[PDB]
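Note on naming: letters A, B, ... go to the chains in the order of the sequence lines (proteins, then strands), and numbering restarts at 1 for each one. For the numbers below, each heavy atom of this structure counts, side chains included, while hydrogens, waters and symmetry mates do not.
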Number of protein chains: 4
Amino acid sequence: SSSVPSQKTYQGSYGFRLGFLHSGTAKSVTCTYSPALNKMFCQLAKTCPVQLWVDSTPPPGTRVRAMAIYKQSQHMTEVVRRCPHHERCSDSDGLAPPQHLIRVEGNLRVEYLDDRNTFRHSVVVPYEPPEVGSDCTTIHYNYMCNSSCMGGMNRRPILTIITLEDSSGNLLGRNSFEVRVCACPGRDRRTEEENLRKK
Amino acid sequence: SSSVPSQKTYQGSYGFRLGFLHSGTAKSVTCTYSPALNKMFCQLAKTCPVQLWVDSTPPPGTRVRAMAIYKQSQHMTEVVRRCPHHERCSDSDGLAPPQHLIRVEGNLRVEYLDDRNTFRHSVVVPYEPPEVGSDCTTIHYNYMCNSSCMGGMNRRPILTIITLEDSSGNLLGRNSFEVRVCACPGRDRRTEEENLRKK
Amino acid sequence: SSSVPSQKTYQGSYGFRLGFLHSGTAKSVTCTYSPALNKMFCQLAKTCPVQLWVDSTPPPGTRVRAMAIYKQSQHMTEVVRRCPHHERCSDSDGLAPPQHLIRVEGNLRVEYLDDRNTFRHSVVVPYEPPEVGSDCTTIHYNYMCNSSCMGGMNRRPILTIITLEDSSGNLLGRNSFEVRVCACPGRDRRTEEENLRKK
Amino acid sequence: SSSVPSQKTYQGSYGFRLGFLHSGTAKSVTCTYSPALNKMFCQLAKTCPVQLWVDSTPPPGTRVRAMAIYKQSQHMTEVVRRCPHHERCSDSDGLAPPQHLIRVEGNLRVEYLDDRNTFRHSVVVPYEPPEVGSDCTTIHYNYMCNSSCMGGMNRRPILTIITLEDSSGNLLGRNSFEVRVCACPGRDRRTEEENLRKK
DNA sequence: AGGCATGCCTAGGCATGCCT
DNA sequence: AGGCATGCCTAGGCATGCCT
Ligand SMILES: [Zn+2]
Ligand SMILES: [Zn+2]
Ligand SMILES: [Zn+2]
Ligand SMILES: [Zn+2]
């Protein structure tokens with residue numbers, strides 16, 4: 001009955017884990033991931049590659065959902081949406097609704113969904129197994145507002161929750177990670193890791 | 001026949017206990033809990049996470065009720081309500097009556113009830129067992145007046161009484177805690193703990 | 001066209017002036033007037049005597065009106081009225097609307113008015129000339145909220161505007177003074193006068 | 001033919017001048033005017049008193065119009081309006097259209113106009129002469145976005161253009177001043193004045 | 001990439017009905 | 001009458017997109 005999706009890591013029967021690319025720590029790198037914070041730092045609308053790893057191939061018709069929630073207890077109830085400014089700027093690829101924060105690029109079967117009870121947005125693609133001789137598949141996500149956007153995330157941290165779901169909407173696996181969308185992900189990742197260390 | 005609900009701790013057959021998050025002692029932290037005082041300090045309308053722990057899962061259709069009473073003997077008879085100012089400020093989410101002090105956020109099955117004999121307000125949600133691999137569930141409560149509100153709590157301390165109730169309104173368990181809603185929960189928790197020590 | 005009454009002092013052709021009584025400035029005197037601040041300090045609902053002085057007798061049917069406005073430019077446009085708690089206190093004399101800040105006591109011809117355009121409150125009594133060998137007439141006003149009332153004056157200072165008006169509605173004279181309604185008028189007068197002299 | 005209003009000062013035959021109130025330049029004063037910069041610094045939606053001074057009294061039916069234009073040549077052609085977040089905040093008084101930057105408060109005859117050719121917004125009140133023994137009349141303007149609002153003024157300076165216009169629409173006089181709507185008017189005024197003198 | 005911007009987070013300290 | 005309460009005013013300093 002909670003309207004807040006769970007964020008609990010659940011590797012599940014198929015051994016579901018996420019993977020992220022080692023990037024530069026240059027000031028304005030487009031996407032970078034901090035293991036220490038379990039946090040992705042990225043620029044608005046740039047490609048954020050996320051690897052899916054499983055120990056065993058899930059059943060056919062399995063789906064991959066991405067949803068954002070505010071991380072802080074104080075904001076968890078609020079639906080993460082795009083700010084009014086970016087919602088009106090007609091940057092849609094034709095598939096993604098202007099209100100949705102998370103897009104998937106380069107997938108012909110993407111679906112953008114809206115929970116009729118919680119009003120929360122999400123973007124779903126079918127799960128595909130890796131090519132023979134590869135260990136993972138990679139989804140290219142895009143975040144369409146900055147963390148700081150007035151009237152949107154308004155500087156609040158979010159978590160992206162990725163779930164592996166069988167065809168019948170049951171939970172196969174869940175992982176999550178924090179996201180900051182910002183102008184200078186390298187600077188900001190360095191600042192946050194140093195702040196963690198300093199205090 | 002008493003119009004004052006009981007505050008007596010009753011762990012009961014299911015081992016019912018409350019839990020609270022460790023928070024900053026920063027001056028204006030939004031919510032903080034003092035074990036020495038069994039007292040929660042929080043800001044008006046901010047999220048107050050309350051954990052529910054049971055040794056054994058209660059029967060289905062079990063419900064979780066929250067009710068406020070004045071803590072002092074001198075005031076226990078008086079129904080705790082919102083002050084006239086906040087009652088008229090049209091801040092309702094559409095579900096909570098403007099008169100009710102305690103709200104629950106993020107729950108699709110919340111009910112706001114009113115005792116026909118005592119006129120006391122309460123807010124109820126269905127009990128849900130923890131997710132597999134978690135020990136507790138968490139309810140997000142909100143207190144919609146400061147303790148100091150003129151015409152309302154008027155600087156008097158309250159207790160929140162959480163009861164675990166079976167489908168047929170029988171008591172399964174009961175816990176309670178003091179609450180101060182205030183502008184600077186960190187300062188005020190330090191002051192009260194130090195006052196306890198000094199005298 | 002402006003919805004804010006003028007406060008401009010206008011003694012007019014009848015020589016219209018206000019006077020105040022000397023009051024012992026004990027910490028909690030019921031009412032005291034500071035000439036240096038042109039400001040009255042009084043307790044909620046206590047008698048505030050205000051003297052009407054005039055060089056020439058006004059024509060029959062002259063009336064005396066009192067209105068409150070917020071003193072500061074930031075609040076001028078907001079109608080001065082009672083806070084929600086004192087509005088529902090059921091303390092009307094059967095004549096004053098429960099929302100009106102200013103009442104007149106001890107007058108068989110008092111009338112309370114609501115401006116249909118500005119929605120501002122005022123209280124009118126007929127002007128009576130002094131008795132032979134008296135120099136002035138006194139009106140007894142009551143202020144039915146503290147300056148600090150939440151949802152009412154909310155610590156903002158107000159002016160009382162006293163107008164002398166003939167039966168045809170012409171302005172014959174106007175005077176004003178600041179008001180603080182508070183628990184300890186003698187203390188508060190002393191504190192503001194001190195603050196005045198340290199500027 | 002130009003869609004940009006003229007800002008050219010024109011006191012005209014009635015000696016039309018603007019005046020401003022002396023304000024205390026605390027860090028967050030609500031409104032302050034810098035004569036050296038001819039610039040008002042004010043907080044979002046707070047009262048900005050603007051004095052209208054005139055040597056000869058304008059004819060009946062004279063109106064006072066306020067419009068905003070971007071100050072820099074690079075932005076002059078762009079209509080000044082509210083950002084998308086604030087346009088959708090539902091903060092109208094029931095009279096100002098939600099898109100208009102400039103409101104007039106406390107006037108029973110305000111009208112909000114959209115130019116059918118340029119689409120620029122303006123707000124108009126009737127001109128009222130000063131009361132006898134008064135030297136000027138004051139309008140209370142409000143600005144409903146910060147200069148920094150994303151998707152609105154976006155940190156670009158604007159000018160407020162005040163025109164005195166007869167009922168037939170003749171220009172009787174024109175004055176203007178720069179505006180910054182910001183969180184800390186006293187600070188920001190100090191900083192820009194400092195920057196001016198280091199040049 | 002260096003460094004400014006500017007709303008906003010923070011703590012010190014005052015307020016003011018009210019307790020003693 | 002003395003002195004505490006407690007929401008909130010004040011100033012310092014950080015944020016973070018963006019200018020140079
Ligand atoms: Zn955005
Ligand atoms: Zn309240
Ligand atoms: Zn009141
Ligand atoms: Zn805006």
Quiz item: Whole-Å distance between F:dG7 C1' and B:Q43 CD?
Solution: 11 Å

Quiz item: Rounded to the nearest Å, what distance is computed from the CZ atom of residue D:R156 to the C1' atom of nucleotide F:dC18?
Solution: 15 Å

Quiz prompt | Set of residues satisfying side-chain contact (heavy atoms from CB on, under 4.5 Å) with respect to A:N38, sequence neighbours excluded | solution = A:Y33, A:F177

Quiz item: What's the CG-P distance between D:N146 and F:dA15, to the nearest Å?
Solution: 20 Å

Exercise. Would you indicate which nucleotide in F:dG17, E:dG17, F:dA11 comes nearest to any side-chain atom of A:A183?
Key: F:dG17

Quiz item: Pairs in or reaching into residues 141-150 of chain B: which pass salt bridge (charged side-chain N to carboxylate O under 4.0 Å, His left out), with residues at least two apart or in two chains?
Solution: none

Quiz item: Reading DNA chain E 5' to 3', what string of ( ), [ ], | and . shows its pairs, if Watson-Crick and G-U wobble pairs count only when both distances fall under 3.5 Å?
Solution: ||||..||||||||..||||

Quiz item: Under the 3.5 Å rule, do the base of E:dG13 and the side chain of B:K27 count as making a donor-acceptor pair?
Solution: yes

Quiz item: Between F:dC4 atom P and B:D188 atom CG, what is the distance in whole Å?
Solution: 16 Å

Quiz item: Rounded to the Å, how far apart are D:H85 NE2 and E:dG7 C1'?
Solution: 12 Å

Self-check item: Value in whole Å for how far the P atom of F:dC8 lies from CZ of C:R155
Solution: 6 Å

Practice problem: Give the rounded distance in Å between these two atoms: CG of A:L44 and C1' of F:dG17. | Solution: 11 Å

Quiz item: Would C:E192 and C:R180 pass as an ion pair if we require N to O under 4.0 Å?
Solution: no

Quiz prompt | Anti/syn call for E:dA5, syn if |chi| within 90° | solution = syn

Exercise. Would you please name every residue forming a side-chain contact (heavy atoms from CB on, under 4.5 Å) with D:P157, sequence neighbours left out?
Key: D:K71, D:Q72, D:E178

Quiz item: Between D:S28 and B:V181, who's closer to the 5' end of DNA chain F by nearest nucleotide?
Solution: B:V181

Quiz item: Of all residues at least two apart in sequence or in a different chain, which pass the ring-ring contact (aromatic ring centres under 6.0 Å, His included) check with D:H140?
Solution: none

Quiz item: Charged N to carboxylate O below 4.0 Å: is that the case for C:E87 and B:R88?
Solution: no

Quiz item: B:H100: what forms a ring-ring contact (aromatic ring centres under 6.0 Å, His included) with it, not counting sequence neighbours?
Solution: B:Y112, B:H121

Practice problem: Choose from E:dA1, F:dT6, E:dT6 the nucleotide whose nearest atom is closest to any side-chain atom of B:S148. | Solution: F:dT6

Quiz item: Taking atom P of F:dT16 as reference, at what distance in whole Å does atom CZ of A:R189 sit?
Solution: 18 Å

Exercise. Give a yes or no on whether a donor-acceptor pair under 3.5 Å exists between the nucleobase atoms of E:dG2, that is its base, and the side chain of A:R187.
Key: no

